[PDB]
Structure formats: structure tokens, C-alpha cells
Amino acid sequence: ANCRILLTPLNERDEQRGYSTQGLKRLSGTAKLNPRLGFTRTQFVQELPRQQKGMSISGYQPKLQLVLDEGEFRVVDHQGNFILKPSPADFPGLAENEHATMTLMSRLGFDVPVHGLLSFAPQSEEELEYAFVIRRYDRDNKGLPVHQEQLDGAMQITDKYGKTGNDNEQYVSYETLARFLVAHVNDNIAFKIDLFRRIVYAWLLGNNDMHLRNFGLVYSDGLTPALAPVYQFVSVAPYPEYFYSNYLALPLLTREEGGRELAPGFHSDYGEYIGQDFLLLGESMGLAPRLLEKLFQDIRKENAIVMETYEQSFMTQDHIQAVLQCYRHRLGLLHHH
């Protein structure tokens, strides 16, 4: 009864279709879009053997390049306008996870490309398999290429996680990264709040793989760069090994680089990142203390949206149960200054 694009309830006229007219409009730019793909999974997604074992979940996700031919999707081999991310073979339901999270991000007001869930043509009367589709952000209105760059390259960092030393420690942090960003984009307060909330919400939602290749710079309005939209936002809470590996992808504070110093929350009885650690991050960004208090109050008010969006999503419940456990836990830690 919920929309496979917007996760909003369907309206009788749309219930049988499974997609609201609002969602089909938002994705394609046309209301006559066919979200039922005309190809099966195995027709274009060829599974390679063995893969790896120590890779992050994103490294197992296949990517297909899609284009919109007269309201119908068609797989191209080079330069598409859409990207289709099916669930990896070993992580069933990941596409519904990315769709759930990125819908929440969009509902919380972040800059998110239009996205949704498309289904593969069935093979033999099995349950329909749905995959995650998203519009590419390095294209403009006429589908013309827009230049972009990932942060690992801009910061001249050789590793997604900053493991650039003679040990196993990380030498780039979210604080250090934010200081780099304000040096090269427009320093307005609206940008600083958004970036601060991206970091707090990656922690709250369990995205411990927001590394330097998941930040981007878009060269749209002339030579001045802008922060790229949210992407690759998945909650790792349903997967306990990958989740218990790290609290976030990067150290939160600059004092933590190289394992030289611990975040204040690590010395507390909670032993993880807490609210005072995120206050110190905001302080370094130049956010006023009065503002951060209000910023924290807003985040508390948004758990209503967080509960709702995940509960009306298409993930498996034991996965939804996992995300809300992590969220409620870390949202509780924000109160400790």
C-alpha cells in the first residue's frame, strides 16, 4: 500500500500499480514511466565468482548504466543518466535498505538525487525482485555532462580512509575534511549546517562507510565548487560484523588522527562518540553554541520522521528492527555534553 518510489501511501487509483503518480513524475520527469523493467536480473548482471571477504558492502554492489527511452529504461554500456544498483548476492535486501535511507535523507531536507525501486522482469513465477535506481548528479537539465570530483583526489589523499602512514592508523578526519571544504566552497552558514548534519546523521543512521570517496565537489555555477548531493547512504546496522568494525568511516576530530589522542566521549563511561564530540566538531566548523543547541533539538524532533520512514519502507523487518535499535541508541547519546 506504500509507494515504491516515495514510501508514501498509495491512493486507490495507484494502489494496484504499486507506484504513485507523484513518484513516477519525480523520477522520470514524465508521468508515463514504466517502473517494470523489460529485462531480468541475470540478463545484464553477471555475477563474478569468489569476490573478496574483507571488502566493504559497497564493493559488492553491481552498477548498471540506464537511460530513459520513451518512458522505458534501457541498459547502456557507457555514460548513462541513471544508475541501477541491484542487491549483491550475499546481501539480500540491500537495495531496499539504500532506498529506505536515501528516502529518509530526502525527507530530512538534504540534497538527494531522485531515486526509487524498480523491479526486474520475472524469470519463473517467483517473487518479483526490486533494485535501487538513482539519477546521476553529473548531468544537467539537457543531460549534458557536469564536472565533479571525489574528495580523496581533491585532498590528495591516497586512501579512502586516510590509512596513509607507516601503521594502520587514519590520518584524515571529519574535522580536517570540513576545514578543507570551507576553504574551497562558499563558507555560508547554510552549507556548514548541512555538512554538520550529514556527519551527525551518518552516525545516527549507522552509515560507518561514509569515506572520502563518498564526498564530492560539483563544478556547476562557474569556477566556484559546491558540495555534491548525498549518495551511497546505506545503513550498516543490519550487518553486525561490518557495523561493529567502526563507529564511523573516519575519525571525528582532528585530535584523533594517527591514534594520537582520543575523542572526549571515548574517555567517558559510554566509551564511544557522544554529543560533546559532535559539539566539538561543530565548534571547529565555526557554528555558534546557541545554534548547535537548536540544531540538536531539531534532530530530536526528527525521530518521528526516522521511525516512520523506516517502518513504512520495504526492508525486511529484522533489518528495520536493527536500524531503529542503533538509531535510538545513538540519538540517546546526543544528550551527553
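In this text, residue numbers run from 1 along the sequence as written.
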{"query": "Stretch with the greater mean C-alpha B-factor as recorded in the entry, comparing 286-294 against 30-38", "finding": "30-38"}
{"query": "Higher-scoring stretch by recorded Cα B factor average, 107-115 or 222-230", "finding": "222-230"}
{"query": "Top Cα B factor in the deposited entry, candidates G206, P251, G216, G143", "finding": "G143"}
{"query": "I299, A304, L279, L68, ranked by C-alpha B-factor: the highest one", "finding": "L68"}
{"query": "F266 - Cα temperature factor, lowest/middle/highest third of chain", "finding": "middle"}
{"query": "Record-listed C-alpha B factor of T309: chain third", "finding": "lowest"}
{"query": "Position of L6 among the chain's modelled residues by C-alpha B-factor, lowest, middle or highest third", "finding": "middle"}
{"query": "Third assignment of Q156 from its chain's C-alpha B-factors", "finding": "middle"}
{"query": "For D90, the third of its chain into which the C-alpha B factor falls", "finding": "highest"}
